[PDB]
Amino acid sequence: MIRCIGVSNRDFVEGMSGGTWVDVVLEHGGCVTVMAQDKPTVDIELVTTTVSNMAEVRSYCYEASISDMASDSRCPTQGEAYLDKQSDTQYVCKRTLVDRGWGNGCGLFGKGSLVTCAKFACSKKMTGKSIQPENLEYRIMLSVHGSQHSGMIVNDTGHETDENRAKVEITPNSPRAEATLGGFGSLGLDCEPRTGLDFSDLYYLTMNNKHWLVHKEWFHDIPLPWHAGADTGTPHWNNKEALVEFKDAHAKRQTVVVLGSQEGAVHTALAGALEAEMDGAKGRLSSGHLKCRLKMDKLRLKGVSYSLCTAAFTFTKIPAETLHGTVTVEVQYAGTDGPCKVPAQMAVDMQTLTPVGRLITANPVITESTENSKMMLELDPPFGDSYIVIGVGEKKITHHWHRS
C-alpha cells in the first residue's frame, strides 16, 4: 500500500458496472490502483522486465597492448623486407619505403623496403548482444489495497506467505496468468507490450560491468577492433589499426605505439543511451510499457456482512494529502468485537451523512480481535471543504478537510 501511495506515477482506474474487464497500463516505477463496485481495491505494479539468452553479436576492444615488436629493412635494389610474423593473423604490420644511403648502411641512395610488425593483444573489451522477442519476461505484482496490514508494507519482503498478494509472470508465448488472492478470489491477466519501444531492435551492450541498450547501426559503426560472434578461444581481431599506429619511419626501424583506453570516448558517446543492469545470466531493463486486461469476475470482497465497529476510533496520525489529492488517515480502535467493519466516508452534510467523494480502500475492516489495533485508509475527497468521518454514533470522529 505505502509503496503505491508514495509514487508520483500512480494511475487510478475505475471498473465498469459489468465488473468483468478492466484495462490498465503498467510501467516501471509506477502503480495502478484498480477500484471496482463491490470488489476489493487492487494495486498492480510492474516490478521487473527480463531478457534471457542474449546471444553475442560482436565484441569491441577499447584497450589493447602490443608485444614482440620487430623490424626488417632492405637496401635499395635488395628486394622486399620480410618478417616471420608478417603473415601471422595476430600481428599488425606496416610496409613502407624509407630513404637509405651511406649513413644508413647502404652503398646506394634510394628508397629501401621497411616492414614492422607487432603482436596484438586485447586487455579490456566490450560486447554487444542480441535480444530475441520470445525471450522477454515480465513479472507483475498484485496487492490487495487496504488489508489492514498493507499500510506498513513498503517493499517486496512480505509476499510469499501473504495470501492477499501474488506474483505472476508474463511472456509473449504465455501472455495469460492467474493471480490467486486467497479469500478474495482470483484475478486474470492478459498482458501484451505497448508499441513504441521494441527491445528486439536494440543490442545489449556490456562494458566493464556497466550496461546499456544501444541502436544496431551505431554499434556496427564503432571504429574499434572487433571479432564476430563469440567463437571463444583464439579470436581474430579485425581493424587492429584503430588502436595501433605507426610513427615516422626510420632507416632500419619503425616505432609502434598503442592508443590509450577508449573507455572515456565510448562513455561520452553513450550519453543518451538507456541504462540497463545484469542480474545473473539475465538482463534487467527498466524502461517500457505493458498493456494488461484484467478479468475480475472471480474477485470478491471479504467481510461484506461484518458487523460495524461499535467502539471509539482515534487519529494517531494527522491526515496527509498525497500527490494525487487523496487523504491518508491512521486510526486506532479500542474495541475487541472481533472482525468488524470500519465506518469511513467523506461528508458535507453532517446531519444526514450523505457520502461524497470515493473510498479507495474498499470495505475497511479490523481483523485483530485485540484492542488498540491500528489501520490505515485512503479517501478521494470532493473538491472544496468536506469532513473525514470515522465511526458511527456519538463516538464518531470528524476532521475538517479541503481539496484544491
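Counting begins at 1, following the sequence as shown.
- The question of which stretch, 377-385 or 390-398, has the higher mean Cα B factor is settled in favour of 390-398.
- Mean CA temperature factor is higher for 159-167 when stretches 159-167 and 125-133 are set side by side in the entry.
- Within the listed group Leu202, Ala320, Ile140, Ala281, the record reports its top CA B-factor for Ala281.
- When the C-alpha B factors of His250, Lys216, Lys240, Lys291 are read from the deposited coordinates, the top value falls at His250.
- Among the modelled residues of its chain, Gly335 has a C-alpha B-factor that falls in the highest third according to the deposited record.
- Compared with the other modelled residues of the chain, the Cα B-factor recorded for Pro175 ranks in the middle third.
- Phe313 sits in the middle third of its chain by CA B factor, as recorded in the PDB entry.
- Annotation for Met350: C-alpha temperature factor in the highest third relative to the rest of the modelled chain, per the entry.
- Among the modelled residues of its chain, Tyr306 has a C-alpha B-factor that falls in the highest third, as given in the PDB entry.
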